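Read the structure below first, then the notes.
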Amino acid sequence: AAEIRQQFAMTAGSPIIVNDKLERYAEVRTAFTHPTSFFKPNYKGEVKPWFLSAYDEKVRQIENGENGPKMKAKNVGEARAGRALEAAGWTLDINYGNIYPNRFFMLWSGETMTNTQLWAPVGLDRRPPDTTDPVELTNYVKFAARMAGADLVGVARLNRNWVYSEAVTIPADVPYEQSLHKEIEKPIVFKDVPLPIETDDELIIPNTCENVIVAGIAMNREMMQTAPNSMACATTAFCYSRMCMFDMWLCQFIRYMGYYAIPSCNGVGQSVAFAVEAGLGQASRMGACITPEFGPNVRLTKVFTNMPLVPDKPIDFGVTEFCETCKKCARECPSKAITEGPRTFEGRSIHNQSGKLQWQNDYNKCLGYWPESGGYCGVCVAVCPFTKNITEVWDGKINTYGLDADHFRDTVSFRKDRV
Amino acid sequence: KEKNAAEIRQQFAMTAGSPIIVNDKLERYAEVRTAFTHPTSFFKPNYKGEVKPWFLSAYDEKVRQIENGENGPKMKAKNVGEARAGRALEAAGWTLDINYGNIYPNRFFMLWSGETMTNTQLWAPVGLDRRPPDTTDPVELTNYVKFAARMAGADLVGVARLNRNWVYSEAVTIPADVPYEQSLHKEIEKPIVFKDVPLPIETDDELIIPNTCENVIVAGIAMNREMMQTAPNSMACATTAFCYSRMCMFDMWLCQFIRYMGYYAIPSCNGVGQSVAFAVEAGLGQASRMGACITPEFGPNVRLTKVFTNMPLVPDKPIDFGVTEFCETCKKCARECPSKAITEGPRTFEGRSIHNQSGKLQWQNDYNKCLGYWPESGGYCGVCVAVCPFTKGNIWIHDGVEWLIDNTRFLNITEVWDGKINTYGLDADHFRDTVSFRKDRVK
Ligand SMILES: Oc1ccc(Br)cc1Br
Ligand SMILES: Oc1ccc(Br)cc1Br
Ligand SMILES: Oc1ccc(Br)cc1Br
Ligand SMILES: Oc1ccc(Br)cc1Br
Ligand code: SF4
Ligand code: SF4
Ligand code: SF4
Ligand code: SF4
Ligand SMILES: [Br-]
């Protein structure tokens with residue numbers, strides 16, 4: 001796979017085409033959070049926050065021995081098991097995505113972490129960097145990223161166009177039990193300051209924050225192929241906890257090297273754009289970043305840092321041209337969310353960021369199918385050619401973290417492919 | 001014939017029964033007696049002769065090595081930047097671990113109930129932790145829980161009935177009102193007792209495990225071979241450290257799955273009881289001269305954690321693939337040990353010192369001598385693991401009829417940073433060893 005990636009390397013330069021209308025995008029506009037999309041009826045006709053309506057459908061399916069919408073399970077025991085696996089997968093994730101910056105697991109400084117306090121006598125986080133060479137730092141930090149659970153890792157210069165204009169967060173002293181009821185907006189700004197810092201009014205990223213490190217965290221193929229049923233929910237969930245552990249591990253390594261690091265998971269900015277600029281893959285009709293190793297069946301997280309690094313080259317292995325004629329995801333999508341038309345610079349609704357050339361999809365239509373089906377769908381990922389019953393999954397092949405030994409050698413790494 | 005770990009385990013399976021041989025002087029072991037915690041072993045000199053808590057003396061040596069451009073004792077790094085990078089990797093590995101091992105029960109990550117966890121609160125409307133189990137069949141439960149264990153990062157997973165002999169008589173913990181920044185100064189002992197109660201519970205006086213807590217699930221978490229072979233230097237410390245955070249994630253993930261199936265679950269990592277003995281009884285491997293559990297897939301180069309539960313399960317069979325007989329003639333770890341902690345003599349029932357639990361047949365090692373080498377070397381050593389022939393990736397051969405051990409096996413850090421790596425430090429040349437189907441999860 002290291003041969004393929006260098007064969008398809010582009011010359012330097014962001015491959016996302018923009019016009020002069022593009023503005024940074026307020027995170028509150030996503031379908032998950034925006035008031036126009038947030039409330040959906042359950043199967044009884046009661047309007048609730050969308051994820052609560054989806055909970056009601058999970059309960060109804062368990063009671064009726066189903067693994068998904070009109071998908072009978074082997075028995076009620078099997079239906080329960082898939083939802084127990086899904087729920088457990090989310091253990092290391094706050095409120096579905098860890099999006100609040102500088103809260104809970106997503107701290108912008110390591111100073112208060114238990115690990116940092118235990119290691120304080122060594123002083124790694126206070127000691128100036130011993131390495132400033134971007135070539136050596138790129139090799140060190142990619143090695144560390146693989147130790148930290150990334151299946152893919154890439155580096156790009158930080159394009160501020162993809163950083164949210166304002167983040168969704170909670171006040172710093174609000175306890176977890178009131179968090180969902182007290183979400184607020186807060187601007188993300190760049191200023192001449194030494195370190196990332198949060199004031200009462202602003203999330204402040206330093207102007208020295210030059211780079212973003214993007215990780216790809218592979219999902220399980222057999223489980224995602226059960227979309228829109230529960231086992232596709234389970235591989236999604238487990239990878240969100242893998243994302244959180246990756247951010248914390250890598251931020252701690254970068255801090256202990258003498259630099260600062262900002263974790264993010266699903267917060268701070270748009271992962272698909274960063275992933276394309278870092279060379280992990282190409283944008284697609286469904287909207288995801290499609291990778292040569294995994295297609296779109298991979299989750300993304302990212303870390304921002306002033307650590308000197310060598311940016312990776314973007315890659316072109318023909319996704320744009322394949323998506324022009326394929327349209328399989330658009331035809332299988334249960335909610336008709338994915339367009340069959342051509343790419344434009346004009347968003348279809350508030351949930352899209354206008355000003356960038358992309359396939360414009362209706363993401364309120366997508367979210368609307370989640371309470372109906374009681375899961376996170378994923379049909380588009382499952383049917384995509386680049387990605388290539390539930391009892392057979394539970395009785396079938398599995399390996400550590402759901403990785404597959406039949407393909408795991410595609411992500412082996414030596415120095416030559418790290419820098 | 002190409003390697004097959006399921007075949008190897010089937011060939012060397014033994015009939016049911018704890019393989020560990022015990023006599024009448026066996027008593028449960030107070031966790032405070034470990035060398036990490038006991039007053040007789042806790043204090044060690046640093047390189048200036050100052051007597052400190054052992055891990056602070058080791059800190060002093062780490063700082064000294066970075067300043068002198070060293071990756072380990074008298075091992076020169078490429079430069080100071082490389083020395084710094086190895087210790088930064090090591091320190092970051094420990095991010096999801098409290099005070100080196102997560103040993104305090106029902107504190108921090110090791111909660112004995114899920115009710116207060118953020119994930120449980122988020123999922124409360126579904127009621128999975130309050131709904132009675134929909135499956136009580138131990139066969140199906142074993143398949144489900146082992147599948148979940150592999151999702152949760154276990155490279156090996158096994159089940160045994162819980163043997164209370166290996167549960168610590170008293171735990172090392174902290175009072176519930178002590179915050180993290182004073183934890184190291186306020187450690188106490190607290191008894192672990194078994195009583196007729198419905199759920200695991202902690203009182204001011206006791207940690208109470210229910211009499212219904214029938215089973216223990218043991219996980220192996222594979223370390224990286226290239227990094228451990230640098231023992232006693234810094235990169236061996238780093239693969240150790242990352243695997244402790246993997247252990248913690250495993251426990252939390254699996255306990256939540258078990259709870260959401262309608263049962264209770266107790267995490268432990270390095271706490272609650274003796275991992276090697278549980279691992280032997282659950283069939284992950286055999287005890288060895290060095291004292292670790294040696295597995296067919298990884299040798300001793302694998303970490304262990306375990307979860308206790310009332311969930312009905314099918315215990316696995318123990319395995320005997322000849323480790324005892326190899327250790328009887330090998331002695332490589334004993335001869336290479338930089339502190340001479342590992343005995344070259346026979347197994348006995350008599351502990352060498354307070355750190356050993358007497359009354360069980362094992363090789364008796366001086367674990368105060370081992371720990372004394374850690375401040376000297378600035379790390380967690382691991383030379384015994386590195387030199388053990390079972391840590392080699394290719395010890396197994398097939399003779400056309402069956403599998404056997406290759407007896408011939410018993411006769412630098414810059415290149416590691418520049419060399420092969422893959423997700424979580426796993427090795428794709430060997431990752432097929434741990435593929436799993438229903439047939440090898442439950443019989
Ligand atoms: O990104 C997500 C946010 C919330 C839920 Br519920 C599922 C996903 Br996937
Ligand atoms: O006295 C101490 C100071 C720092 C640490 Br880290 C541990 C102890 Br004990
Ligand atoms: O088990 C351990 C406890 C403390 C340290 Br420091 C290292 C290990 Br390995
Ligand atoms: O009102 C609520 C009740 C339970 C949960 Br979980 C989330 C909300 Br918002
Ligand atoms: S997740 Fe499902 S509903 Fe959403 S776009 Fe994909 S196929 Fe359509
Ligand atoms: S299914 Fe086809 S059109 Fe959709 S993202 Fe995949 S390749 Fe592109
Ligand atoms: S860790 Fe090192 S000092 Fe300890 S027993 Fe093994 S070889 Fe000896
Ligand atoms: S080095 Fe030899 S004696 Fe020591 S544990 Fe390994 S096989 Fe046994
Ligand atoms: Br202490």
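In what follows, every heavy atom counts, from backbone to side chain, and hydrogens, waters and symmetry copies are set aside. Numbers restart at 1 for each chain; the letters A, B, ... are given by sequence-line order, proteins then strands. Counting convention: from 1, in listed order, for ligands and their atoms alike.
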Step through it carefully: locate the ring centre of A:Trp370, locate the ring centre of A:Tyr96, and say whether they are under 6.0 Å apart.
-> no

Within-4.5 Å side-chain heavy-atom neighbours: B:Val302 and B:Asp155 | no

Using a strict cut-off of 4.0 Å, indicate which atoms of ligand 5 neighbour a heavy atom of A:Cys333.
-> 3 (S), 5 (S), 7 (S), 8 (Fe)

Closest approach of any protein heavy atom to atom 4 (C) of ligand 3, naming residue and atom = B:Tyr100 CB, 3.2 Å

Would you check if atom 8 (Fe) of ligand 6 lies under 2.8 Å from any N, O or S atom of A:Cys329?
-> no

Aromatic ring proximity A:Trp119/B:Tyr59, centre distance under 6.0 Å = yes

Can you tell which part of B:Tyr380 has a heavy atom less than 4.0 Å from ligand 3: side chain, backbone, both or neither?
-> side chain

At under 4.0 Å between heavy atoms, what of A:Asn361 touches ligand 5? The answer is neither

Nearest 0.5 Å, what's the CD1-CE distance between A:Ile390 and A:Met231?
-> 6.5 Å

Determine whether any heavy atom of B:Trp54 lies closer than 4.0 Å to an atom of ligand 3.
-> yes

Can you sort out which atoms of ligand 3 are near B:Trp94, meaning under 4.0 Å from one of its heavy atoms?
-> 7 (C), 8 (C)

Nearest to atom 7 (C) of ligand 3, what protein heavy atom do you find, and at what distance?
-> B:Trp374 CZ3, 3.4 Å

Which residue and heavy atom of the protein sit nearest atom 4 (Fe) of ligand 5, plus the separation = A:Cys366 SG, 2.3 Å

Residue, atom name and distance, where the atom is the protein heavy atom closest to atom 2 (Fe) of ligand 5 | A:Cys377 SG, 2.2 Å

Will you find, in the side chains of B:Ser57 and B:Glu50, an N or O donor that is under 3.5 Å from an N or O acceptor?
-> no

At a 4.0 Å threshold, what atoms of ligand 3 neighbour a non-hydrogen atom of B:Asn270?
-> 1 (O)

Does the side chain of B:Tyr244 pick up a donor-acceptor pair with the side chain of B:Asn102 at under 3.5 Å?
-> no

May I ask you to identify the nearest protein heavy atom to atom 6 (Fe) of ligand 5, giving residue, atom name and distance to one decimal place in Å?
-> A:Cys380 SG, 2.3 Å

Give the residue and atom name of whichever protein heavy atom lies nearest to atom 3 (S) of ligand 5, and the separation in Å to one decimal.
-> A:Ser335 OG, 3.5 Å

Using a 4.0 Å heavy-atom threshold (strictly under), name the region of B:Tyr59 that reaches ligand 3: side chain, backbone, both or neither.
-> neither

Charged N to carboxylate O below 4.0 Å: is that the case for A:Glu340 and A:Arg331?
-> no

Could you list which atoms of ligand 6 come closer than 4.0 Å to a heavy atom of A:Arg285?
-> 3 (S), 5 (S)

Give a yes-or-no answer on whether the side chains of B:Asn99 and B:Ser183 include a donor-acceptor pair shorter than 3.5 Å.
-> yes

Nearest candidate to atom 5 (S) of ligand 5, where distance is taken over non-hydrogen atoms, out of A:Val379, A:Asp362, A:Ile338, A:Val383 = A:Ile338

Salt-bridge contact A:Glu293-A:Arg5 (side-chain N to carboxylate O under 4.0 Å) = yes

Go through ligand 5 atom by atom and flag the ones less than 4.0 Å from a non-hydrogen atom of A:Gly378.
-> 1 (S)

Give a yes/no on ligand 3: does B:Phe55 have at least one heavy atom closer than 4.0 angstrom to it?
-> no

How about A:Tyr376 and A:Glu86: does a side-chain donor come under 3.5 Å of a side-chain acceptor?
-> yes

Could you check whether the rings of B:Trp54 and B:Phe36 sit parallel, tilted or perpendicular, using 30° and 60° as the cut-offs?
-> parallel

Among protein heavy atoms, which lies nearest atom 2 (C) of ligand 3, and at what distance?
-> B:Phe36 CZ, 3.5 Å

Identity and separation of the nearest protein heavy atom to atom 1 (O) of ligand 3 | B:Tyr244 OH, 2.9 Å

With atoms numbered from 1 as shown, which atoms in ligand 3 lie under 4.0 angstrom from a non-hydrogen atom of B:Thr240?
-> 9 (Br)

Residue A:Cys326 vicinity, atoms of ligand 6 by number, heavy atom under 4.0 Å | 1 (S), 2 (Fe), 3 (S), 7 (S)

